[PDB]
Structure formats: C-alpha cells, structure tokens
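Step one of this worksheet: look at the structure below.
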Amino acid sequence: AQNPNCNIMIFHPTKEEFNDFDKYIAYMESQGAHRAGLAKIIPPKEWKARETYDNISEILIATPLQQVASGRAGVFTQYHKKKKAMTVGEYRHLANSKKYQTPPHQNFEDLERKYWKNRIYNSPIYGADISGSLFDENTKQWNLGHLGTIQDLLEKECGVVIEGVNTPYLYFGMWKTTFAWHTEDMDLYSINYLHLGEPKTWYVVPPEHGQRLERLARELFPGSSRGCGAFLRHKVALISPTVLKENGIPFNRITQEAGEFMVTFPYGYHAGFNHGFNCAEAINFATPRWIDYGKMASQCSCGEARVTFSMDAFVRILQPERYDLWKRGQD
Ligand SMILES: O=C(O)CNC(=O)C(=O)O
Ligand SMILES: [Mg+2]
Ligand code: NI
Ligand SMILES: [Zn+2]
C-alpha cells in the first residue's frame with residue numbers, strides 16, 4: 001500500500017505532465033497521495049496563471065463576512081456577520097491596517113502559535129465564496145475555470161444526464177481568516193490555487209480516519225451534535241492541533257504559498273487559516289473514484305447547511321433514500 005502513514009505529499013510535475021489534469025490526479029493517487037486527504041502541487045516553472053495581478057482592485061466583495069468566535073482558544077465556533085460591500089482594493093487596505101494586519105513574527109511556526117493563542121480575541125473579515133476566476137483564458141493547463149464538470153463525470157460513469165453547473169470561487173483573506181473543519185459537499189475533491197499574497201496553513205485528517213474526527217467533534221460540540229447528525233456540514237467548528245494531539249486524532253499540516261495548488265481528496269476533513277492578505281481560487285471536482293464516496297456522504301437535513309443548486313441532482317441520483325429528507329432541509 002503506498003503512503004501507509006498518510007503523509008501529505010508534494011508533487012513537482014513537469015510541463016508535459018501538466019497537460020492532462022485527470023491523468024495527473026490519477027498518478028498522484030497511484031503514489032498514495034489521497035491517503036493524506038490533501039496534496040500540494042507545485043506547477044512547472046514555465047507555467048503561469050495569468051500575466052499580472054495589477055488590475056484586480058475593482059473586483060467587488062458584495063458580502064464580506066466578519067468571523068466572530070465563541071468558545072476557548074483551541075475549541076471554538078465562528079459565525080459569519082455580514083458587512084457592507086467593498087472592492088478588493090478597499091479590502092486589501094483594510095487587511096493591511098493596524099487593526100487587522102499580520103503581527104511581527106519569526107517564521108510560520110511562530111505565526112501558527114500566535115494564531116491558535118489569539119484567534120478567538122479578534123474578528124477578521126473574509127471575502128469568501130465569490131463566483132469568478134482569475135485564470136487567463138489562454139492558460140490551458142490547470143485552469144480551474146476549464147475543468148471537466150462533475151455533471152459530466154457522473155454522466156460518463158453512471159449514464160445519467162443531470163442539470164447543474166460547476167464554476168470556481170474566489171476567496172480574499174486576511175490575517176486570522178479561518179476555514180472551519182469540513183469535507184466538501186457530497187465528499188467531492190477540491191482544488192485550491194493561491195493566486196497571490198500571504199500563505200494559507202492547512203490541517204487535514206486522513207479519509208480513513210475521518211470518523212475519529214467526527215466522534216471528537218460530537219464530544220466537543222455536544223449541543224450542535226444533538227441539533228444535527230452532520231453538523232460539521234455547517235462549517236463553523238474549529239479544533240486546534242494541540243487538542244487533536246491530546247485526543248489522539250491523526251492529522252497533518254502544511255503551509256501553501258502563492259503560486260501553489262492544493263488538492264483535497266474525498267472525505268478528507270480540512271481546516272486552516274490565512275497569514276495575511278491573499279487571494280485564492282477553488283472549485284470542486286470529481287473522478288471515477290469519487291462516486292463511491294458520493295453515495296456514502298453524510299448529509300445535513302436540519303436546515304443549516306444550505307447549498308448550491310447543483311447538489312440536488314447529486315443527492316437525487318446517488319442517495320435517493322435520503323433525498324426527500326435532505327430536500328426538506330433545503331426548503
Ligand atoms: O481557502 C479557504 O478558505 C477554504 N478552501 C477550501 O476549503 C478548499 O479549497 O477546499
Ligand atoms: Mg479590477
Ligand atoms: Ni474545502
Ligand atoms: Zn445540520
């Protein structure tokens with residue numbers, strides 16, 4: 001068995017290997033990358049996403065989200081308070097202000113210490129989930145707006161034609177902006193490209209151990225767990241590495257820098273934080289190996305998780321027994 005300790009693997013494809021996206025994902029899995037739940041892909045030196053980032057300031061962040069924490073430093077939830085619209089230029093200035101800017105630090109480990117010590121005492125503002133792309137249309141390799149769609153994959157594997165679309169999302173971050181512990185919708189893959197700015201630190205639980213994380217989360221968030229049998233689908237709970245280690249939960253960590261891709265694999269729980277002002281692009285995708293995970297994915301039916309239009313078909317076709325209850329949660 002390749003990668004039996006479930007370590008995060010880092011790949012350096014050549015320009016030739018960067019042509020065929022599906023083939024390279026399958027290659028990474030042949031080497032055991034998926035066992036970690038997360039892999040890093042460093043693009044060949046010849047590649048670029050676009051020519052420059054000098055002209056992005058006029059993008060609008062219609063609904064910036066202030067991430068307000070509750071709990072203790074290592075075990076907390078966050079809720080998202082909606083703020084007034086602002087441009088990317090306005091948000092960048094905000095991120096760099098004395099109130100929000102990255103503190104002085106020695107290295108990524110010092111910054112990580114500071115994040116876990118102090119996160120709850122601040123409420124950073126995240127420009128998340130903005131439909132759009134920063135890839136140049138002429139970038140032909142690993143262009144996250146030109147991937148094969150999940151609807152087409154389902155149709156290729158299973159023969160059923162379904163409605164729905166699959167487009168990327170932009171994320172503008174600042175120091176302490178946080179992504180809560182989650183797997184993707186329908187336990188899909190994700191791919192995330194850090195276009196510019198400061199790093200993103202990731203934490204990940206191997207897919208084979210995801211239920212250990214779920215059991216800890218039910219212990220640590222007992223009211224949330226009584227409310228919903230899949231409350232991590234709400235994407236609000238944080239647990240620190242120290243708490244994970246104290247509870248014996250297998251996990252790994254890695255820092256993504258600008259110009260690097262990360263892939264999350266089906267049922268790979270992940271969480272993390274941004275180091276300072278940055279911009280990432282991410283999208284979900286599928287492969288043949290996903291189908292079995294999609295069929296088994298948990299679902300939130302309590303009403304909290306509320307998701308895209310395109311998840312309807314995935315539930316309807318892969319999980320017809322669950323469909324009626326899940327759709328009630330949608331309405
Ligand atoms: O970058 C973020 O805030 C969150 N991203 C992801 O969870 C991802 O790409 O799957
Ligand atoms: Mg612009
Ligand atoms: Ni994710
Ligand atoms: Zn729920």
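Lettering and numbering for the structure tokens are positional, with chains as A, B, ... in the shown order, residues counted from 1 in each chain, and ligands counted from 1 in the shown order.
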12 Å shell around ligand 3 using only C-alpha atoms and all ligand atoms, listed as a VMD selection string: chain A and resid 37 to 38 128 to 129 169 171 178 to 192 202 to 204 232 to 233 235 262 to 273 280 to 285
Near-segment 14-17 of chain A list (9 Å; only C-alpha atoms; drop same-chain fewer than 3 positions) as JSON, numbers by chain: {"A": [20, 21, 23, 24, 43, 44, 45, 46, 47, 141]}
For residue 229 of chain A: contacts at 12 Å, only C-alpha atoms, fewer than 6 positions along chain excluded, given as an MDAnalysis selection string: chainID A and resid 214:215 217:218 221:223 298:305
Residue nearest residue 199 of chain A - candidates A:160, A:211, A:147, A:261, atoms counted: only C-alpha atoms: A:261
Selection: 6 Å around segment 237-245 of chain A, only C-alpha atoms, excl. self and same-chain fewer than 4 positions, as a PyMOL selection string: chain A and resi 74-77+180-181+249
Go ahead and save the picked residues with N, CA, C and O atoms, as a CSV table (one decimal), in the first residue's frame.
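Written file, selection25.csv:
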```csv
chain,number,residue,atom,x,y,z
A,74,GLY,N,-8.6,26.8,21.8
A,74,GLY,CA,-8.4,25.6,21.0
A,74,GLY,C,-9.7,24.9,20.5
A,74,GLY,O,-9.6,23.9,19.9
A,75,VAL,N,-10.9,25.3,21.0
A,75,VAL,CA,-12.2,24.7,20.7
A,75,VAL,C,-13.2,25.7,20.6
A,75,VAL,O,-13.6,26.3,21.7
A,76,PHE,N,-13.5,26.2,19.4
A,76,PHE,CA,-14.4,27.3,19.2
A,76,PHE,C,-15.3,27.2,18.0
A,76,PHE,O,-15.0,26.3,17.1
A,77,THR,N,-16.4,27.9,18.0
A,77,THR,CA,-17.1,28.1,16.7
A,77,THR,C,-17.0,29.5,16.3
A,77,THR,O,-16.6,30.4,17.0
A,180,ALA,N,-13.3,26.5,8.8
A,180,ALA,CA,-13.6,25.5,9.7
A,180,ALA,C,-13.5,24.1,9.2
A,180,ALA,O,-13.4,23.8,8.0
A,181,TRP,N,-13.4,23.1,10.1
A,181,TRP,CA,-13.3,21.7,9.8
A,181,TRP,C,-14.4,21.3,8.9
A,181,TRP,O,-15.6,21.4,9.3
A,249,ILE,N,-6.1,12.2,17.7
A,249,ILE,CA,-6.7,12.2,16.3
A,249,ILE,C,-5.6,12.3,15.2
A,249,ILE,O,-4.7,13.2,15.4
```
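Residues of segment 164-236 of chain A assigned to strand (DSSP E) by DSSP on this structure's backbone: residues 169, 170, 171, 172, 173, 178, 179, 180, 181, 182, 189, 190, 191, 192, 193, 194, 195, 196, 197, 200, 201, 202, 203, 204 and 205 of chain A.
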Go ahead and write the residues just picked, C-alpha atoms, as a PDB file, in the first residue's frame.
```pdb
ATOM      1  CA  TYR A 169     -14.961  30.658  -6.432  1.00  0.00           C
ATOM      2  CA  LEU A 170     -12.576  33.407  -5.277  1.00  0.00           C
ATOM      3  CA  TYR A 171     -11.531  33.930  -1.671  1.00  0.00           C
ATOM      4  CA  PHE A 172      -9.936  37.128  -0.430  1.00  0.00           C
ATOM      5  CA  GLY A 173      -8.353  36.597   3.021  1.00  0.00           C
ATOM      6  CA  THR A 178     -10.406  30.863   9.137  1.00  0.00           C
ATOM      7  CA  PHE A 179     -11.865  27.846   7.344  1.00  0.00           C
ATOM      8  CA  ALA A 180     -13.637  25.521   9.738  1.00  0.00           C
ATOM      9  CA  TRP A 181     -13.307  21.717   9.793  1.00  0.00           C
ATOM     10  CA  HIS A 182     -15.184  20.217   6.848  1.00  0.00           C
ATOM     11  CA  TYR A 189     -12.494  16.654  -4.292  1.00  0.00           C
ATOM     12  CA  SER A 190     -11.452  20.291  -4.151  1.00  0.00           C
ATOM     13  CA  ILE A 191      -8.590  22.109  -5.810  1.00  0.00           C
ATOM     14  CA  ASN A 192      -7.336  25.446  -4.490  1.00  0.00           C
ATOM     15  CA  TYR A 193      -4.828  27.789  -6.169  1.00  0.00           C
ATOM     16  CA  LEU A 194      -3.260  30.554  -4.108  1.00  0.00           C
ATOM     17  CA  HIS A 195      -3.033  33.369  -6.693  1.00  0.00           C
ATOM     18  CA  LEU A 196      -1.294  35.997  -4.633  1.00  0.00           C
ATOM     19  CA  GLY A 197      -0.316  37.272  -1.264  1.00  0.00           C
ATOM     20  CA  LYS A 200      -2.569  29.652   3.927  1.00  0.00           C
ATOM     21  CA  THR A 201      -1.926  26.984   6.575  1.00  0.00           C
ATOM     22  CA  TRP A 202      -3.923  23.747   6.266  1.00  0.00           C
ATOM     23  CA  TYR A 203      -4.731  20.936   8.661  1.00  0.00           C
ATOM     24  CA  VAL A 204      -6.118  17.627   7.350  1.00  0.00           C
ATOM     25  CA  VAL A 205      -7.373  14.264   8.701  1.00  0.00           C
TER      26      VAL A 205
END
```
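All residues in segment 262-312 of chain A with a DSSP state of alpha helix (DSSP H), computed from the backbone, read residues 290, 291, 292, 293, 294, 295, 296, 311 and 312 of chain A.
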9 Å shell around ligand 2 using only C-alpha atoms and all ligand atoms, listed as number ranges by chain: A: 54-60, 87-89
Resulting file, chosen residues, N, CA and C atoms, as a PDB file, in the first residue's frame:
```
ATOM      1  N   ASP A  54      -2.045  43.058 -11.268  1.00  0.00           N
ATOM      2  CA  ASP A  54      -2.027  44.538 -11.042  1.00  0.00           C
ATOM      3  C   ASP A  54      -3.371  45.160 -11.251  1.00  0.00           C
ATOM      4  N   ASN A  55      -4.362  44.476 -11.847  1.00  0.00           N
ATOM      5  CA  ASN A  55      -5.613  45.093 -12.208  1.00  0.00           C
ATOM      6  C   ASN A  55      -6.915  44.438 -11.568  1.00  0.00           C
ATOM      7  N   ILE A  56      -6.697  43.920 -10.334  1.00  0.00           N
ATOM      8  CA  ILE A  56      -7.825  43.174  -9.634  1.00  0.00           C
ATOM      9  C   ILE A  56      -8.567  43.988  -8.631  1.00  0.00           C
ATOM     10  N   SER A  57      -8.203  45.262  -8.414  1.00  0.00           N
ATOM     11  CA  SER A  57      -8.696  46.014  -7.270  1.00  0.00           C
ATOM     12  C   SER A  57     -10.163  46.383  -7.306  1.00  0.00           C
ATOM     13  N   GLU A  58     -10.738  46.371  -8.544  1.00  0.00           N
ATOM     14  CA  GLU A  58     -12.093  46.727  -8.747  1.00  0.00           C
ATOM     15  C   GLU A  58     -13.089  45.574  -8.683  1.00  0.00           C
ATOM     16  N   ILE A  59     -12.604  44.337  -8.494  1.00  0.00           N
ATOM     17  CA  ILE A  59     -13.491  43.208  -8.152  1.00  0.00           C
ATOM     18  C   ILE A  59     -14.314  43.580  -6.916  1.00  0.00           C
ATOM     19  N   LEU A  60     -15.581  43.286  -6.819  1.00  0.00           N
ATOM     20  CA  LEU A  60     -16.412  43.562  -5.684  1.00  0.00           C
ATOM     21  C   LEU A  60     -16.571  42.327  -4.835  1.00  0.00           C
ATOM     22  N   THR A  87     -14.714  46.883  -2.446  1.00  0.00           N
ATOM     23  CA  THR A  87     -13.879  46.396  -3.510  1.00  0.00           C
ATOM     24  C   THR A  87     -12.693  45.615  -2.944  1.00  0.00           C
ATOM     25  N   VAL A  88     -12.016  44.878  -3.780  1.00  0.00           N
ATOM     26  CA  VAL A  88     -10.778  44.205  -3.411  1.00  0.00           C
ATOM     27  C   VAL A  88      -9.766  45.244  -3.006  1.00  0.00           C
ATOM     28  N   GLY A  89      -9.692  46.396  -3.653  1.00  0.00           N
ATOM     29  CA  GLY A  89      -8.707  47.447  -3.221  1.00  0.00           C
ATOM     30  C   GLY A  89      -9.075  47.906  -1.854  1.00  0.00           C
TER      31      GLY A  89
END
```
